[PDB]
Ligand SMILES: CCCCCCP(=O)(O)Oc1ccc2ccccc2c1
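Single chain ahead, written as structure tokens, the form solved without the ligand.
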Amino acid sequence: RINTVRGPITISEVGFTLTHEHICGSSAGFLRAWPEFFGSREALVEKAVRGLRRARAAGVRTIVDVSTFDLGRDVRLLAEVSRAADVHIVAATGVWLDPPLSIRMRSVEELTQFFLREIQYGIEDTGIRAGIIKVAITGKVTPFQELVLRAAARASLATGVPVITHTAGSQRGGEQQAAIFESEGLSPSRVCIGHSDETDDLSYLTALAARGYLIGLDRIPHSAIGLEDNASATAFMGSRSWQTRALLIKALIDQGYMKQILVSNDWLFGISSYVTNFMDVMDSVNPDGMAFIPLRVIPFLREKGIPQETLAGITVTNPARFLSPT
């Protein structure tokens, strides 16, 4: 069974899953301290519900919010929006790239306990339990990031809950992360190497896939083509077309690794951790939001000749095998 913000669900209920999304990209405590940054908490809720409903209609039944403590994860916000939109939402524990001092001063043993509290007992005082662990690195894994990766591994081994990662920028850190995970004894089938669509290095992708890693092709709609004049847009969404990103799905299918692919939008409905009004920039690029995958991508892959059954297998079977604890 899989933990959601509304409680436990069966594999069968999971359905069509977007495994890499956010309701809001922020910082710990920020939404509670300055809700007016988003207009109001009430507007943010309405926008998230009006978006999750358009995706639900397009077939989406589950999303995984990979927002950690330090990404401003507000679990009560997740519950409100999930219940209102009637779409499953899996919450995360772990540590992203903006840990405050109270997190970054902690040991591997302490960080392990923290992830365990959030998976086994609940997030804050809510009883809502994390379904996944999200970690991140920059360039070469820093000493602190190594502690986080090791703690994430130990937590996964204790609870069966999977791990999702990424490396800042377009850097290909999967091999370095994979090395640390395996030194802890973690099975690659419990790990997704995320943001893998930031690169066109197919040898890199296939090799990880061949080892059993899930390949997170999850920023498909991100593209600053047309926004060349907006330097902050480029740094965030890149210069590669969404088509180029989506073709990596085909390419990996064509190598026989369909069972290892996870597809998503890495979207959200508010963001405060970047430049002001960046949400409006993203919205002007991908008006379909979280519906971009079921609506505009699936047909694309359908057109290029991928069998419907293979897609269903990627959008339903894969997420379920991934999310289901072991």
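Quick note: we count residues from 1 along the sequence shown, nothing fancier.
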- Message: When the Cα temperature factors in the entry are averaged, is it 81-89 or 99-107 that ends up higher?
- Response: 81-89
- Query: Taking the recorded C-alpha temperature factors, which stretch has the higher mean, 178-186 or 162-170?
  - Reply: 162-170
- When the entry's CA B-factors for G72, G238, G122, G216 are compared, the highest one belongs to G238
- What's the residue among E146, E228, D197, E118 with the greatest CA temperature factor in the PDB record? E228
- Give the position of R32 by CA B-factor within its chain, expressed as the lowest, middle or highest third. lowest
- Query: According to the PDB entry, is the CA B factor of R76 in the bottom, middle or top third of its chain, that is, lowest, middle or highest?
  - Reply: lowest
- Query: What third of its chain, lowest, middle or highest, does the C-alpha temperature factor of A224 fall into?
  - Reply: highest
- Comparing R154 with the other modelled residues of its chain, is its CA B-factor in the lowest, middle or highest third? middle
- Using the B-factors in the PDB entry, rank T19's C-alpha atom against the chain and give the third, lowest, middle or highest. lowest
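The form solved in complex with the ligand exists for this protein as well; it is not shown, and the discussion that follows is about that form.
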- Note on the structure: Checked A235, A251, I225, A210 for heavy atoms within 4.5 Å of the ligand in the deposited bound form; positive is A235
- Which one of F30, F300, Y274, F37 is close to the ligand in the deposited bound form, taking close to mean a heavy atom within 4.5 Å? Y274
- Task: Report whether the minimum heavy atom distance between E198 and the ligand in the deposited bound form is within 4.5 Å.
- Result: yes
- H88: heavy atom within 4.5 Å of the ligand in the deposited bound form? no
- Task: Using the partner position in the deposited bound form, report whether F181 sits within 4.5 Å of the ligand, counting heavy atoms only.
- Result: no
- Message: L71 versus the ligand, in the deposited bound form: is there a non-hydrogen atom within 4.5 Å?
- Response: yes
- Counting only heavy atoms and a 4.5 Å cutoff, which of 251-259, 77-85, 163-171, 146-154 contacts the ligand in the deposited bound form? 163-171
- Message: Residue by residue through 95-126, which ones have a non-hydrogen atom no more than 4.5 angstroms from the ligand in the deposited bound form?
- Response: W96
